[PDB]
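Worksheet: the structure to be examined is printed underneath.
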Amino acid sequence: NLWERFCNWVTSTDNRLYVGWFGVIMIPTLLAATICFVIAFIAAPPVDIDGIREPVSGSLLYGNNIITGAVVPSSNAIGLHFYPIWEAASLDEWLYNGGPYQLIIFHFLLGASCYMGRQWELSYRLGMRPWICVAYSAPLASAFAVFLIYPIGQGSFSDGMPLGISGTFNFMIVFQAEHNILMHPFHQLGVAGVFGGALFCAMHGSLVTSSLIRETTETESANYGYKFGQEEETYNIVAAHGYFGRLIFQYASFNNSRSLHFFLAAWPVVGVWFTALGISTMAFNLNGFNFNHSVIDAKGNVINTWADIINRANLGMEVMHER
Amino acid sequence: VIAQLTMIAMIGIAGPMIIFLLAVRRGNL
Amino acid sequence: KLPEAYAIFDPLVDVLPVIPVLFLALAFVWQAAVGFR
Amino acid sequence: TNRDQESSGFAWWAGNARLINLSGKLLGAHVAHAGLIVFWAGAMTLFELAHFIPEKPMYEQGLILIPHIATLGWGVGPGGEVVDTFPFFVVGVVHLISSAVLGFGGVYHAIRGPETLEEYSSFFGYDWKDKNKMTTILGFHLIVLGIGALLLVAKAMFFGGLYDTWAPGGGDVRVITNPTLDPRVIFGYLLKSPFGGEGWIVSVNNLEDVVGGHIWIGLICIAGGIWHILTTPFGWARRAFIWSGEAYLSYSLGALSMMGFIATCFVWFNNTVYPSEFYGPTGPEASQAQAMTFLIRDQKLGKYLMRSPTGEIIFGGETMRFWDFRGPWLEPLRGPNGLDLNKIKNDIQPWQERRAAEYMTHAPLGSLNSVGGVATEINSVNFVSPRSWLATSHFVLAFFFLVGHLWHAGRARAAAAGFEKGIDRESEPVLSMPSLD
Amino acid sequence: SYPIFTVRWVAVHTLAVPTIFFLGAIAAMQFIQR
Amino acid sequence: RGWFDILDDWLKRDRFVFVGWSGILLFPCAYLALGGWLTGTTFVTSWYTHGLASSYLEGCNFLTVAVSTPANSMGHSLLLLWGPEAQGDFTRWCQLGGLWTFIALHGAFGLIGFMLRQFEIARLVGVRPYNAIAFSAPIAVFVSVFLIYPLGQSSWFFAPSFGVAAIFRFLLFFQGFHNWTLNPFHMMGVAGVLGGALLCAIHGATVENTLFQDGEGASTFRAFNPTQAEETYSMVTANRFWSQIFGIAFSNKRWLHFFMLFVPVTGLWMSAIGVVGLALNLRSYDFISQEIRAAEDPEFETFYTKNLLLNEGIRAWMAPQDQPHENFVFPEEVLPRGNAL
Amino acid sequence: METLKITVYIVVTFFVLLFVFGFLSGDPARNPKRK
Amino acid sequence: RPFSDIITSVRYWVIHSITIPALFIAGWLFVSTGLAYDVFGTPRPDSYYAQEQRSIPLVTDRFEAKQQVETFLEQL
Amino acid sequence: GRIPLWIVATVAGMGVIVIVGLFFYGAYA
Amino acid sequence: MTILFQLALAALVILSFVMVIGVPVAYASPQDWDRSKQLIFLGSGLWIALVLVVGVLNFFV
Ligand code: CLA
Ligand code: CLA
Ligand code: CLA
Ligand code: CLA
Ligand code: CLA
Ligand SMILES: CC1=C(/C=C/C(C)=C/C=C/C(C)=C/C=C/C=C(C)/C=C/C=C(C)/C=C/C2=C(C)CCCC2(C)C)C(C)(C)CCC1
Ligand SMILES: CC1=C(/C=C/C(C)=C/C=C/C(C)=C/C=C/C=C(C)/C=C/C=C(C)/C=C/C2=C(C)CCCC2(C)C)C(C)(C)CCC1
Ligand SMILES: CC1=C(/C=C/C(C)=C/C=C/C(C)=C/C=C/C=C(C)/C=C/C=C(C)/C=C/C2=C(C)CCCC2(C)C)C(C)(C)CCC1
Ligand SMILES: CC1=C(/C=C/C(C)=C/C=C/C(C)=C/C=C/C=C(C)/C=C/C=C(C)/C=C/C2=C(C)CCCC2(C)C)C(C)(C)CCC1
Ligand SMILES: [Cl-]
Ligand SMILES: [Fe+2]
């Protein structure tokens, strides 16, 4: 019947892009968010993100370039209220109060959650092990933290991250002002995760590239030494392990390819998990370490540290981003 | 204070004391 | 504070909530005793 | 027996996965872990009690378990004042002793007890694929949970009552005589929007609705337990779910992750079942209390009011994002169109002003080394609100349990289908598919 | 059989002797009246 | 044979720690840089150069200790222990910030020694030296940030100090004074680092989830043999998965691993070029058209203008204590505030 | 505004029902191995 | 030569039960005597400032910075 | 004869924990 | 009876330490296990009795 044929098409592995049931949610929500984002980034009117009726213009047609353009977060007067198009008296009122931001972020968060589900679904249909979606849960948690969890903790979607480049930088600076994220150990774990992920990416790439088995000449690219779907390994892992064991010491080098690739997956995913949780916990104002006036001399005079310089900079940000 | 450190050292020995006694007696550890 | 008869057990009460964490550590000790077999 | 990699297939770091088809040892692990939970409850209660100053507010002293006992009305009086501290000691001691008993049982079943229960008994021996036995155990536990909910109901209705912060005068321990048994209100809470101004079940604001909802949930859990004892899963349920131990674990992990997020929002927003006398003010509560105190001062010398997106008279400034806040110290001063200026000029009580000042000082703002105030504050006050600790900890736990749900649900599906150990080289499913292009 | 004083010994001890010296110094700093 | 061949044979013997010819440069310089950092963060103050406490002996913790830069009046002096500033006095040398130049110079030559070690071990083992090529990017970052940037500026004082919170101060200084987030070279660096982390996670997860079943154990790590000839995971299945999930997928494993080399190395090199630009205050501080529009129109407000306001606040509120040699006295009225605009 | 609300509600309900009944329609059997 | 095989021997623990506490005590006495303050020039908690004036002794000359530090240290 | 390796690991871990806890105790004092 | 109750609580603590450190080492070492089983039974009964005695003596202080 019609439903069985529809189910066979939805779960078909022969489609060029897999759909699945997570995809029947993912495709309309992501398409809606994408179309609304492109239209808002090009041509949205200024948004009164505060309530002081001093709007912030974010679109290209109102005087922004690619760097300074953004989709401005919804108004502080909205707060955490659900603000669809039909809850505004007019479309111009909806645009003025930052409704496009809410539409885009809600469709995007739903679509990206279903993207994670779709990754699981295709891994199940192909007979794969299922944990690519677990690795994807770290950037997804980061997106949830900056778009949903931090507004919930602060009590307004005006505190979500703006959908732009300079808006992102504004979000970072104001967050450091109010929460001292640099001194938060979860963000330090996140920096360790991304710096280590870049390091281990460059390292694994350079060690595999270093130990490629000679299949070509100097007049051809080495990439043609590999054929798609060949049974034999294209590089010598023993040579790479011998190099890396001599580079530091023997037991700092993986001899197991599966352990090595698990470490490659695990380090940045755990780090980004912790930095997403750091944003989500500073949402409830559990802030980074506050080491103000932690060194006092015998006469009671405060001896400044580097943390006090950081505090002076944070105070400078704080007095500027208000009113 | 000395009492709190003494008590926590006593408990944190008591755990490994179970492990050591079972290793000596060749039990089902 | 504690009831006044329960006065010499304040250090013991002070170290009581730490104990479950040690259980986790104890597992590794046990796993080190058998060589992580 | 099955305590290594060669016999079991699992490494030491997955060694608890050796317990899957070993019912007696698995029961021992569960009972010992329950002993750990009860031990933490009792020991943390005794630790909090030992440093407890009953005169100071609880939220100034870093307490999270004593406020749970005080919310049940044990040891407290009018205004949240502590009139006795012995019930806290009783709760902690009984939990500690019961944890000794549970630890004894868990250690016994893990070491000395039979490794499998299917030989020793048919009532306790279970198979993971036995759907009827799984529903029977689920029914038993549902009856137990319903009895626990009715125990909360019996505490509220027949034994002293609960602490009602909405009681006039500043809150008091009240006996719930008329619970809201109307299913319209209860399932309207269930059907309310989770967004701002509505807030879903987090927005329950009176203990009558709390007790009525717990009567409903106790009866529903008992009825579902009886239903699962007396029935077997239907064809759609058998075709829909994976029936194995890891699958059941993953279902519970998803449920617990959702419950953790709900509890985070409950302790962050709700000041009814988490009264501000014990847990401190909420973020919205502290901001509105600052606005109220500043208005009172500035009038004592019109500068703090606006007109809201829908027409109500609300406080001005950034606190306008928190205009949906409702509190016992504030609702006497709110008329039909919002906050009436005449009620804040000649109708306020001293207790409301004292609450507003205390809540203005103790805003839920703090650092990880437990320093209060904003991030740009000197290390002067040592205070982070219990609401912040509970909300942050349970968000972290709820997220990690969502991750665990994804892990175990994927692994349960892959293991049921039979490719959890990898792709068969002799028959790779992609190789039999036609190429995409 | 195995020799004692090798390059590995030198590397270990150049990392380990000042480590213990500095740890003792830092503990003595922990017991300084601020 | 000769003494050179005997020494070369001894230097390249298989031991627990390979030495090599490059070890003669690497091990003393790396040891001195690490030991100088530990010594400075344990014992050495920053009181006479910065007016800061920066050691464990003064009561700082692990986050707030730093070997701070020399005072701005030192200029770009090498600050040798035997030089004309310290004149052999070790105590004065520590008080004047000589440990900073000690660590920076020994760390630079240690990084050179480590890259030479990568070349030497690659030559002996018989592999191509792509690990040294990849290590050129952290060296470019270190040279641009710790050497070229202070050499462009007035003194070593404006280089980053070797500490956690000092590095955080360096980040906030670059935001406030350089608008470093707006710089496209820093944006390419951020893209390189975050894309490298993405590639690391996604390649590890893809390999772990497309493994061939090579053993009956549920833990799949023991089913890999290092001397085996077959690949341990299905590239065809991985390609199919990412083709149907994302649209595109790697089909060449060698190109995949070269791309993993390429992305973070290129990002770090672009960020180093941007820092070289910032050494001469050649900032991407502003967009001229937006400044002209804001000057004409007082109601024109974007996130870029708000960021410029935040930078002005950072500069004015941090400059008197961050640059105490300038003797900045900013009265409270000239300090930028949000309620003053 | 209200006709838009009804249209959005109908579309959202249609896709959510597709999701729910699709995962109810024997999804564990849709795998290249067992069943 | 295996690290486990030597740290599990008795001679190692005799030698290092001698040597490790001596180094720990040497570091402890380096700090607790006050010799670290004299060696590295780190001010004591009572020697950050002068008797009454509150001025940070920043060095402002390059070639006479040693004399400026000595002049400040001569004021307390 | 030979000390078991797990005993050395446990006592080294406990010494590490005591050192770290002393550093945090001094951080609070 | 402050001295009696404090002595009872101290005996409860010592017996709890013996049972904590002795019940698993007897459960996991099954040689000559009849004597271990009767010792565990006596220890459990004495521990329950000590809990009851400590509770009533707390009520009697
Ligand atoms: C909440 C934590 C918890 C619990 C309850 C368990 C429970 C269990 N694990 Mg386990 N495990 C854990 C955490 C936990 N694990 C962690 C964190 C790891 C990772 C290191 C492991 C790794 C692991 C492996 C690798 C294996 C187990 C196995 C087992 C089972 C048999 C253990 C056994 O025979 O002990 C043997 C050990 C002893 C007898 C030593 C003594 C231990 C006792 C119980 C200490 C009790 C202390 C306590 C204070 C005493 C109170 C008594 C008093 C109340 C009277 C058992 C049910 C095994 C299994 O599956 O069996 C088939 C197995 O092979 N576990
Ligand atoms: C009620 C919850 C629950 C239960 C019963 C299980 C049960 C199981 N899990 Mg699972 N898991 C859970 C939640 C749960 N999980 C959550 C929330 C996550 C997400 C983080 C995971 C992620 C996970 C993975 C990734 C894996 C399992 C695996 C397993 C199996 C073997 C576990 C084992 O031996 O661990 C042994 C225990 C340890 C090695 C201890 C680890 C130490 C933790 C990570 C650090 C704790 C830090 C602590 C909270 C705070 C700091 C303490 C301080 C001392 C530093 C077992 C069936 C394995 C599996 O699939 O086997 C089939 C496996 O590979 N789990
Ligand atoms: C999850 C809980 C749980 C479960 C399912 C079991 C299950 C089992 N236990 Mg076990 N046990 C437990 C907890 C549990 N135990 C605890 C906590 C202890 C320590 C006191 C013990 C100590 C223990 C011993 C010493 C022995 C068993 C034995 C057995 C087996 C036979 C039981 C029987 O014939 O009793 C029939 C049923 C009864 C006698 C009814 C008991 C009613 C109890 C006492 C009152 C409960 C009140 C209330 C419902 C509980 C509220 C608790 C709440 C606060 C959490 C069976 C597999 C025996 C065994 O395996 O032999 C081979 C055996 O010798 N158990
Ligand atoms: C811990 C609690 C628990 C658990 C695990 C189960 C488990 C089960 N029950 Mg069950 N049940 C319970 C409590 C529980 N029951 C109680 C308390 C009652 C009494 C009211 C019942 C009454 C009951 C009946 C009458 C039936 C079951 C059935 C089933 C089986 C199929 C489940 C299923 O597909 O539902 C999953 C739910 C759906 C598919 C419905 C759609 C849900 C939508 C898509 C999600 C909406 C929720 C959303 C997240 C928002 C949450 C709030 C929202 C309500 C506003 C399964 C074994 C069935 C069965 O096989 O009987 C033997 C069956 O017919 N149960
Ligand atoms: C791999 C070895 C190595 C390398 C490359 C360096 C490199 C450096 N060290 Mg260094 N150092 C080392 C090992 C090393 N060190 C060791 C092992 C120690 C501990 C003993 C030190 C202790 C140390 C201190 C205490 C200081 C340095 C400093 C320096 C820097 C400046 C050195 C300088 O100006 O003299 C350059 C000298 C030469 C290059 C010698 C060249 C020899 C020629 C070619 C041979 C001919 C000379 C002739 C025979 C002599 C005639 C003299 C006659 C006319 C009087 C430089 C980066 C200074 C610094 O960092 O300043 C901040 C500083 O103060 N070092
Ligand atoms: C209530 C109370 C009590 C009880 C108690 C208990 C219950 C206990 C138990 C306890 C325990 C249960 C303990 C344990 C401990 C443990 C430990 C202390 C451990 C540690 C560990 C470590 C140190 C580790 C190490 C390692 C390894 C081995 C391997 C790898 C590497 C490392 C390093 C990680 C008593 C009777 C007193 C009295 C009354 C009160
Ligand atoms: C299976 C196993 C395991 C685990 C185990 C467990 C987890 C157990 C538990 C256990 C438990 C869970 C225990 C508990 C105990 C307790 C007790 C023994 C208690 C006691 C108490 C007392 C004696 C009290 C006292 C008092 C009073 C009365 C009042 C106030 C004061 C005081 C506190 C003094 C492991 C991982 C290791 C490994 C593998 C095997
Ligand atoms: C106490 C209380 C209350 C009440 C409450 C209630 C009455 C509750 C209930 C609740 C409920 C009544 C809930 C429910 C839930 C449900 C859920 C959560 C579901 C889930 C589902 C699922 C998970 C499914 C899945 C699926 C699909 C989607 C398709 C196919 C496949 C499968 C089967 C997987 C109130 C608020 C008034 C107040 C306060 C207190
Ligand atoms: C500058 C100088 C010098 C040099 C010296 C040296 C070379 C020294 C060394 C030093 C050293 C060589 C030191 C050491 C230190 C160390 C320490 C202080 C450590 C600590 C540790 C800790 C604290 C631990 C940690 C850990 C880890 C990392 C991981 C896990 C966790 C834990 C926490 C356990 C000379 C006279 C030649 C010349 C002139 C100048
Ligand atoms: Cl701003
Ligand atoms: Fe790879």
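Chain labels A, B, ... are given in the sequence in which chains occur in the structure tokens; within each chain residues are numbered consecutively from 1, and ligands are likewise numbered from 1 in the order shown.
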Kindly provide the residues of chain B that approach chain D to within 12 Å, each paired with its closest atom pair and their distance in Å to one decimal, based on only C-alpha atoms, listed by chain and increasing number, as a tab-separated table.
```
residue	atom	partner	partner_atom	distance
B:27	CA	D:111	CA	11.0
B:28	CA	D:111	CA	8.3
B:29	CA	D:111	CA	9.3
```
For the residues in the current selection, export N, CA, C and O atoms as a tab-separated table (two decimals), in the first residue's frame.
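Saved the output as out23.tsv:
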```tsv
chain	number	residue	atom	x	y	z
B	27	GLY	N	41.97	-15.29	48.38
B	27	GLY	CA	40.54	-15.50	48.32
B	27	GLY	C	39.98	-15.32	46.93
B	27	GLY	O	40.66	-15.52	45.92
B	28	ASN	N	38.71	-14.92	46.87
B	28	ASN	CA	38.01	-14.69	45.61
B	28	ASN	C	38.06	-13.23	45.20
B	28	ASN	O	37.11	-12.70	44.63
B	29	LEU	N	39.17	-12.56	45.51
B	29	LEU	CA	39.40	-11.16	45.16
B	29	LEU	C	39.44	-10.95	43.65
B	29	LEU	O	40.06	-11.73	42.92
```
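Running DSSP on the backbone and keeping only alpha helix (DSSP H), the residues of chain G that qualify are residues 2, 3, 4, 5, 6, 7, 8, 9, 10, 11, 12, 13, 14, 15, 16, 17, 18, 19, 20, 21, 22, 23 and 24 of chain G.
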Go ahead and write the residues just picked, C-alpha atoms, as an mmCIF file, in the first residue's frame.
```
data_model
loop_
_atom_site.group_PDB
_atom_site.id
_atom_site.type_symbol
_atom_site.label_atom_id
_atom_site.label_comp_id
_atom_site.auth_asym_id
_atom_site.auth_seq_id
_atom_site.Cartn_x
_atom_site.Cartn_y
_atom_site.Cartn_z
ATOM 1 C CA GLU G 2 -4.656 32.930 12.747
ATOM 2 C CA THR G 3 -4.790 31.177 9.368
ATOM 3 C CA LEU G 4 -0.981 31.110 9.505
ATOM 4 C CA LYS G 5 -1.244 29.585 12.993
ATOM 5 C CA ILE G 6 -3.595 26.863 11.711
ATOM 6 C CA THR G 7 -1.347 26.172 8.700
ATOM 7 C CA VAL G 8 1.747 25.854 10.900
ATOM 8 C CA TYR G 9 -0.132 23.620 13.357
ATOM 9 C CA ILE G 10 -1.343 21.331 10.551
ATOM 10 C CA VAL G 11 2.118 21.064 8.957
ATOM 11 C CA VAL G 12 3.862 20.432 12.298
ATOM 12 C CA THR G 13 1.265 17.818 13.277
ATOM 13 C CA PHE G 14 1.631 16.095 9.896
ATOM 14 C CA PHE G 15 5.415 15.810 10.155
ATOM 15 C CA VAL G 16 5.375 14.785 13.836
ATOM 16 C CA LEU G 17 2.797 12.074 13.095
ATOM 17 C CA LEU G 18 4.984 10.921 10.192
ATOM 18 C CA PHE G 19 7.932 10.657 12.600
ATOM 19 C CA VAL G 20 6.006 8.791 15.317
ATOM 20 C CA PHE G 21 4.225 6.304 13.064
ATOM 21 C CA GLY G 22 7.356 5.753 10.993
ATOM 22 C CA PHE G 23 9.317 4.732 14.056
ATOM 23 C CA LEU G 24 6.320 2.604 15.074
#
```
Discussion item. I want to know what sits within 10 Å of stretch 151-163 of chain F, based on only C-alpha atoms, with residues of the same chain fewer than 3 positions away left out; could you give that as a ChimeraX atom specification?
Written reply: /A:306 /F:37,40-41,49-50,54,62-78,97,100-101,103-104,144-148,166-171,173,276-281,322-323
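Residues in contact range of stretch 8-24 of chain I, defined as at most 8 Å between only C-alpha atoms, with sequence neighbours fewer than 4 positions away removed, read residues 29 of chain C; 27 and 30 of chain E; 7 and 8 of chain H; 3, 4 and 28 of chain I.
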Practice prompt. Could you report the residues within 9 Å of ligand 2, using only C-alpha atoms and all ligand atoms, as a PyMOL selection string?
Written response: (chain C and resi 21-22+24-25+27-28) or (chain D and resi 10-20+30+245-246+249-250+252-253+256-257+397-408+411-412) or (chain F and resi 218-219)
Could the residues in this selection be written to a file with C-alpha atoms, as an mmCIF file, in the first residue's frame?
```cif
data_model
loop_
_atom_site.group_PDB
_atom_site.id
_atom_site.type_symbol
_atom_site.label_atom_id
_atom_site.label_comp_id
_atom_site.auth_asym_id
_atom_site.auth_seq_id
_atom_site.Cartn_x
_atom_site.Cartn_y
_atom_site.Cartn_z
ATOM 1 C CA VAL C 21 34.138 8.531 46.355
ATOM 2 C CA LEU C 22 36.664 6.166 47.972
ATOM 3 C CA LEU C 24 35.075 4.262 43.249
ATOM 4 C CA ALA C 25 38.805 4.419 43.982
ATOM 5 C CA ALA C 27 37.363 -0.555 42.523
ATOM 6 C CA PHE C 28 40.549 0.515 40.761
ATOM 7 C CA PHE D 10 34.581 -7.134 27.986
ATOM 8 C CA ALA D 11 37.661 -5.320 29.238
ATOM 9 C CA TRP D 12 38.159 -4.133 32.810
ATOM 10 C CA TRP D 13 36.890 -0.630 31.986
ATOM 11 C CA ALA D 14 33.669 -2.261 30.736
ATOM 12 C CA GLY D 15 33.753 -4.845 33.514
ATOM 13 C CA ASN D 16 30.290 -4.054 34.846
ATOM 14 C CA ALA D 17 29.053 -5.230 31.439
ATOM 15 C CA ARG D 18 30.152 -8.684 32.617
ATOM 16 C CA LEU D 19 27.161 -8.542 34.998
ATOM 17 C CA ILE D 20 24.469 -8.511 32.293
ATOM 18 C CA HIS D 30 22.209 -2.628 42.537
ATOM 19 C CA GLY D 245 19.016 -5.350 29.329
ATOM 20 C CA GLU D 246 21.041 -2.623 27.618
ATOM 21 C CA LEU D 249 18.955 0.694 30.619
ATOM 22 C CA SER D 250 18.970 3.155 27.709
ATOM 23 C CA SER D 252 15.771 4.599 31.766
ATOM 24 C CA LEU D 253 18.776 6.778 30.860
ATOM 25 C CA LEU D 256 16.472 10.196 33.821
ATOM 26 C CA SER D 257 18.065 12.785 31.526
ATOM 27 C CA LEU D 397 24.126 15.118 35.191
ATOM 28 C CA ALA D 398 21.121 15.343 32.845
ATOM 29 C CA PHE D 399 23.323 16.086 29.832
ATOM 30 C CA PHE D 400 25.701 13.227 30.601
ATOM 31 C CA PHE D 401 22.726 10.912 31.013
ATOM 32 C CA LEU D 402 21.409 12.001 27.610
ATOM 33 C CA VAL D 403 24.846 11.067 26.256
ATOM 34 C CA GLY D 404 24.622 7.719 28.045
ATOM 35 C CA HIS D 405 21.145 7.177 26.630
ATOM 36 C CA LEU D 406 22.458 7.762 23.102
ATOM 37 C CA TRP D 407 25.409 5.425 23.752
ATOM 38 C CA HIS D 408 23.366 2.573 25.185
ATOM 39 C CA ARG D 411 24.655 -0.134 21.281
ATOM 40 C CA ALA D 412 21.443 -2.000 22.128
ATOM 41 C CA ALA F 218 32.934 -7.050 22.672
ATOM 42 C CA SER F 219 35.794 -4.664 23.408
#
```
Worksheet item: Which residues of chain J are close to chain B, meaning at most 9 Å apart when you count only C-alpha atoms, and how do they look as a list in words?
Response: residues 17, 20, 21, 22, 24, 25, 26, 27, 28, 29, 30 and 31 of chain J
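If you take only C-alpha atoms and a cut-off of 12 Å, the residues of chain J that reach chain C are residues 1, 2, 3, 4, 5, 6, 7, 8, 9, 10, 13, 54, 55, 57, 58, 59, 60 and 61 of chain J.
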Quick one: write out the picked residues with C-alpha atoms as a short mmCIF file (atom, residue, chain, number, x, y, z; two decimals), in the first residue's frame?
```cif
data_model
loop_
_atom_site.label_atom_id
_atom_site.label_comp_id
_atom_site.auth_asym_id
_atom_site.auth_seq_id
_atom_site.Cartn_x
_atom_site.Cartn_y
_atom_site.Cartn_z
CA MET J 1 23.78 7.95 81.36
CA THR J 2 26.17 10.05 79.29
CA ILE J 3 29.09 7.68 79.92
CA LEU J 4 27.01 4.59 79.05
CA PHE J 5 25.65 6.04 75.80
CA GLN J 6 29.05 7.32 74.66
CA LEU J 7 30.57 3.90 75.38
CA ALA J 8 27.73 2.24 73.45
CA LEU J 9 28.29 4.54 70.47
CA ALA J 10 32.05 3.91 70.56
CA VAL J 13 31.72 2.45 65.77
CA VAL J 54 22.24 3.68 71.04
CA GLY J 55 18.82 4.94 69.96
CA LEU J 57 20.15 5.68 75.25
CA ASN J 58 20.02 8.80 73.07
CA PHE J 59 16.41 9.08 74.18
CA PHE J 60 17.63 8.62 77.79
CA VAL J 61 20.25 11.40 77.76
#
```
Discussion item. Near chain J, meaning an atom within 12 Å, which residues of chain D appear when counting only C-alpha atoms? Write them as a list in words.
Written reply: residues 86, 89, 90, 93, 94, 96, 97, 98, 100, 101, 103, 104, 105, 106, 107, 108, 109, 110, 111, 112 and 113 of chain D
Residues of chain H that have any atom at most 9 Å from an atom of chain E: could you tabulate them with the shortest-distance atom pair and the distance in Å to one decimal, using only C-alpha atoms, ordered by chain and increasing number, as a Markdown table?
```
| residue | atom | partner | partner_atom | distance |
| --- | --- | --- | --- | --- |
| H:1 | CA | E:2 | CA | 5.9 |
| H:20 | CA | E:20 | CA | 6.8 |
| H:21 | CA | E:20 | CA | 8.4 |
| H:22 | CA | E:21 | CA | 8.7 |
| H:23 | CA | E:21 | CA | 5.0 |
| H:24 | CA | E:24 | CA | 4.2 |
| H:25 | CA | E:24 | CA | 6.2 |
| H:26 | CA | E:21 | CA | 6.4 |
| H:27 | CA | E:25 | CA | 4.2 |
| H:28 | CA | E:25 | CA | 4.5 |
| H:29 | CA | E:25 | CA | 7.4 |
| H:30 | CA | E:25 | CA | 6.5 |
| H:31 | CA | E:25 | CA | 5.5 |
| H:32 | CA | E:28 | CA | 6.1 |
| H:45 | CA | E:34 | CA | 7.3 |
```
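Of note, atom CA of residue F:178 and atom CA of residue F:308 are spaced 10.5 Å apart.
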Item to complete: Quick one: pick out all strand (DSSP E) residues within stretch 139-226 of chain D from a backbone DSSP run and write them as JSON, numbers by chain.
Response: {"D": [162, 163, 164, 172, 173, 174]}
Worksheet item: If we count only C-alpha atoms, what is near residue F:117 at a cut-off of 12 Å, once residues fewer than 3 positions away on the same chain are taken out, given as a PyMOL selection string?
Response: (chain A and resi 243-244+246-248) or (chain F and resi 11-12+17-27+110-114+120-125+129+131-132+135)
Discussion item. 9 Å from ligand 11 is the threshold here; counting only C-alpha atoms and all ligand atoms, which polymer residues fall inside it? Answer as number ranges by chain.
Written reply: A: 204-205, 208, 257, 260-261, 264; F: 203-204, 207, 253, 256-257
Worksheet item: Mind listing the residues within 9 Å of ligand 4, only C-alpha atoms and all ligand atoms counted, as a PyMOL selection string?
Response: (chain D and resi 131+134-135+138-139+141-143+145-146+187+189-192+200+217-228+230-238+240-241+248+251-252+255+258) or (chain G and resi 16-17+20+24)
